[PDB]
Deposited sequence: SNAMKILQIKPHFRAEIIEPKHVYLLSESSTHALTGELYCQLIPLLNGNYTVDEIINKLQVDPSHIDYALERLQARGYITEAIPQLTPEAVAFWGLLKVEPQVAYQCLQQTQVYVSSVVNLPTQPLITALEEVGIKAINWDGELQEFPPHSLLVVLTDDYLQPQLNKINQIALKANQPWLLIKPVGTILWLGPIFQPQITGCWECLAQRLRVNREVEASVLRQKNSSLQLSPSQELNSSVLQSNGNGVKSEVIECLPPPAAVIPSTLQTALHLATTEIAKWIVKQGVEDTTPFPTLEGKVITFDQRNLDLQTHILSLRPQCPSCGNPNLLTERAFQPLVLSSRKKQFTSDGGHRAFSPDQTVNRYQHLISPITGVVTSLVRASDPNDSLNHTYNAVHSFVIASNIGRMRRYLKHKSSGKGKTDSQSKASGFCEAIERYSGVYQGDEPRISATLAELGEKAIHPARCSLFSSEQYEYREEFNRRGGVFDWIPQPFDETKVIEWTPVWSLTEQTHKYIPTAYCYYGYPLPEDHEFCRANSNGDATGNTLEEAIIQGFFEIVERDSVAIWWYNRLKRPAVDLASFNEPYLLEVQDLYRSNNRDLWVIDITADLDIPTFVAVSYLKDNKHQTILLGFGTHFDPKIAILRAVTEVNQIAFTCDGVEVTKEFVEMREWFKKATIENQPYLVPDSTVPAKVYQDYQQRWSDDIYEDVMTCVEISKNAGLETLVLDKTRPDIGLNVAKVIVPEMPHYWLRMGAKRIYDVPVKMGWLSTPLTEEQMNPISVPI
C-alpha cells in the first residue's frame, strides 16, 4: 500500500471519499476482487448495472471473459450518459487484459476499442493483485498526486501473459467518428465541403523522393496504431528479408486486402497481407504506409454515399464502365473468361443504369467540382447484391502521405504508371533502352553488376506515354536457363533518377528471393508466367536496338519546390490530354495519416481491361503504330506484376 509513495495516512483520506463499484458482465465472481479491494483499504461495493447516477469520485470496474461481449454496449452507454469513468478487466484465461480507464470526453469509449478489435479479429490470484494495483494507482492519480508522478491505465490496455511472462501495452485511440462517443458521420460533412489544398514548401529532399518529413519519424509518431488489440496494423513478423543486404531491404506487415466470403480459404491464405521492399532503410515505413492505406480503404458504414441511379445524377455522375473500362466482348464472354482467368482479372457483370446504387462524392480537380463514383468501386468489402456485382474495388490510385497533396501525387503517379504499363504491354511494343551510366548513379551500375554476377541480365526500357511523365520498366532475366524467371519492375516519377530507382527497387525486390523462392504459396499467378517468360517468345521485353538509348538529359525537369505546384502541374498535364482527375479523401480522422484515392476515368489498369480506347489510340498518336491494333490482336497474357 506504500509502494505508491504518496502518503502513509493522508492517502487514506482519498480512500475515505472514493467508492469502487465492482460488477460482472457474464458470470464472473465479483467477491474476490471486492475483498482484495478492502484488503488495501479501498471501499468497494458490488454493483449490477441498474444504477446510473454515481457519487463524485467513483470508479466502476467491470469484469469479463471477452472484450466483445454485447452487454458491454449497455454499460458503455451508461458511462457516457453519466460521464462516469470505468475500468474493464479480463482476469480469466492465460492472457490477462487490464483494460483502459474509459474516461468519457477525454479518452476513447468502449465502442472505439470494440470497433478496432472487430476489424482486428477477422483472423488466478495475480490478476486480482494487478487489478488492485491499477485501481489504487488510479485512486491517487486524481485526488492528490499530479499527472506526471502517477502513471495510469487511462486509455491504455495492459496485456500480460503468464505462460511466457511478458507484458505489452496498447494505446486506445479516441475516434472522432465513433457512433457513441463522437460525431457518427464526420465523413459526410468532410466530403461535402469543397477540397482545398494548402501550399507546403519542401525543406529536405536529399533522398527517398520529395518528402517533407522523415518516414521513420512518421512510424515513430504512429507506433500507437501498431497493436493487435487496439491498433490497425498487426505488425508481428515486421522485417522478413535478411538485414545483410544493405543496398535493398524489406519488411512485412499484416492487414486485410481481400474480403472473400470463403472461410476455409480465408483461414490459411487471405490472412495477413503484403507490402515489402525499399532500397532505403524505409522498407518498414513503406509497408506500414501500404497497410495504413489498405485499412483506410475498407468499408465500415461511415463512408459518405447517396442512394440513387444514374438518371437523377445526370452529368454529375461518372458511369462505372467509364472507370472499369471493360470491353463489350469481355462482358459477353464473361463466364468462360472468369472460369479460365484469375481472381485479379475477374470480369464483373455489366452495369445497368436501371438499378439504384450508392454513389460516393469525389472532388474533380479539373472542373473543381463534385462528381459521384460508385461506392463499390472506392471502398473494399462493400456489400453488393449477388446479381449486381458490377465492380470490385482495387488499389489503383490509392496512396498514402503525410499531407493530402503528397498522397495525390503518389496516386497520380501510380495511375500514370498503370496506364503506361498497359499501353506498352498489350500492344507488344518495342521501346528504346536507357543507359544507367548516363543517370549519374553508381547504385544502378553496381546492382546491374551484381545481377550479372548472379547470372541475371538486367536492363531498363523507357515506356513514357503522351503525358510525358518519366516512366520506366526494369526487366531482368536469368541467363543460360530453361526458366528465365523474368522479373519486372515499374517506376514513374517527374524526376527520371528516382523513377529509375523505383524501377530497380521493384525488380530486385524479388531478385534476392531466389534460391529458396516461396513459389506457388503466393506467386501462383507468377508460376505459369515463369513457365513462358522467355525473351524470344516475348520480343517486346527486349529494347529496340535500332533506336538509340535514351539518356538522363532526354527528359525535361518538371518537379517544383512546393507540392501544391506539383498537384497543379499534374492537373494541367491530365487536362491537356483530355482527362479528368478526381480525388477521394480516404483519410480516417482517428488515424491522421493522409490517404487519398486518385481516380481518372479513361486511365486503364494493366489487367485485361480492353474497353479503354487509350490502349488502342495512344500508340497511334505518338506514331508507334500506323494503325490501331484490333482487340484480338493484343497480348492475351495479363501483367504478372
What are the unmodelled segments when the structure is compared with the full deposited sequence, in sequence order? 1-93, 217-266
